[PDB]
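Novice: What follows is a single structure, and I will ask about it in a moment.
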Amino acid sequence: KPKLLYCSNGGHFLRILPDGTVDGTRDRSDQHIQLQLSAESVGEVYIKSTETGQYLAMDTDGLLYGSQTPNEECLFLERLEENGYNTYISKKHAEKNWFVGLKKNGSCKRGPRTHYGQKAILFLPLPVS
């Protein structure tokens, strides 16, 4: 049911740390990379941490974070791209085209700094098992 969100940019797996922070990691054994995606409406998804129960979210600053409670900031519009990768846009900031993204160093690429045509936004869901 859960998957790993592999960031093509730097090859990191999306990670939601116990401290509420979100970043990228190359460590396949990391306990914080197993995410369960759940669709609310069609094309709409929640990305929860199986380890902590936290929901992936995007703040008004465009920074990703681990949310203890699902919420409006927790919704993402998933998009299956032509090149084979998926994309996730902040539903709450769609109009601005704010994506989920990771820098080559595995750090979060703020929503505002994101842009289509970027690698940082390309993700690949992979089986955990």
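Chain identifiers are assigned as A, B, and so on, following the order in which chains appear in the structure tokens; residues are numbered from 1 within each chain, and ligands are numbered from 1 in order of appearance.
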Might you pull out every residue within 7 Å of residue 43 of chain A, with only C-alpha atoms counted and same-chain residues fewer than 3 positions away left off, and present them as number ranges by chain?

Specialist: A: 39, 77-78

Novice: How would the residues just picked look written out with N, CA and C atoms as a PDB file, in the first residue's frame?

Specialist:
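In the end it all went to part.pdb:
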ATOM      1  N   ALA A  39      -6.023   9.128  -1.686  1.00  0.00           N
ATOM      2  CA  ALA A  39      -6.786  10.069  -2.455  1.00  0.00           C
ATOM      3  C   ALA A  39      -8.061  10.499  -1.772  1.00  0.00           C
ATOM      4  N   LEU A  77      -2.288  17.976  -5.440  1.00  0.00           N
ATOM      5  CA  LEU A  77      -2.798  17.550  -6.710  1.00  0.00           C
ATOM      6  C   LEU A  77      -1.693  16.764  -7.374  1.00  0.00           C
ATOM      7  N   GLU A  78      -1.894  15.463  -7.487  1.00  0.00           N
ATOM      8  CA  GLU A  78      -0.919  14.580  -8.093  1.00  0.00           C
ATOM      9  C   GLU A  78      -1.057  14.578  -9.594  1.00  0.00           C
TER      10      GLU A  78
END

Novice: Near segment 4-6 of chain A, counting only C-alpha atoms, which residues have an atom at most 12 Å away, once you skip same-chain residues fewer than 2 positions from it, shown as a PyMOL selection string?

Specialist: chain A and resi 1-2+8-16+23-37+47-50+56+85-88+100-102+106+119-129

Novice: Skipping near chain neighbours, those fewer than 6 positions away, what residues fall within 7 Å of residue 64 of chain A using only C-alpha atoms, listed as a list in words?

Specialist: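 Non-adjacent residues within range: residues 22, 56, 57, 58 and 108 of chain A.
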
Novice: Kindly export the residues of the current selection with N, CA and C atoms, as a compact mmCIF listing (two decimals), in the first residue's frame.

Specialist:
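Now in again_9.txt:
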# COMPACT_ATOMS: atom_id res chain seq x y z
N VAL A 22 10.77 18.14 6.73
CA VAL A 22 10.71 17.29 5.56
C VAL A 22 11.93 17.52 4.71
N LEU A 56 2.14 15.12 5.05
CA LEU A 56 3.01 16.04 4.33
C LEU A 56 2.21 17.32 4.14
N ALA A 57 2.85 18.47 4.28
CA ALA A 57 2.11 19.71 4.11
C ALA A 57 3.00 20.81 3.57
N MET A 58 2.38 21.89 3.11
CA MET A 58 3.12 23.01 2.59
C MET A 58 2.59 24.29 3.22
N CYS A 108 14.69 20.71 0.93
CA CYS A 108 13.45 21.18 0.35
C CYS A 108 13.63 22.43 -0.47

Novice: Can you work out the spacing between atom CA of residue 117 of chain A and atom CA of residue 96 of chain A in Å, to one decimal?

Specialist: 15.2 Å

Novice: Mind listing the strand (DSSP E) residues of segment 7-106 of chain A, per DSSP on the backbone, as a PyMOL selection string?

Specialist: chain A and resi 7+12-16+22-25+35-39+44-49+55-58+64-67+76-80+86-90

Novice: Between A:84, A:111, A:53, A:20, single out the one closest to residue 66 of chain A, counting only C-alpha atoms.

Specialist: A:20

Novice: So the first atom is atom CA of residue 72 of chain A and the second is atom CA of residue 103 of chain A; what is the distance between them in Å, to one decimal place?

Specialist: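 For atom CA of residue 72 of chain A relative to atom CA of residue 103 of chain A, the distance reads 24.7 Å.
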
Novice: When you draw a straight line from atom CA of residue 55 of chain A to atom CA of residue 109 of chain A, how long is it in Å?

Specialist: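 So the answer is 18.0 Å.
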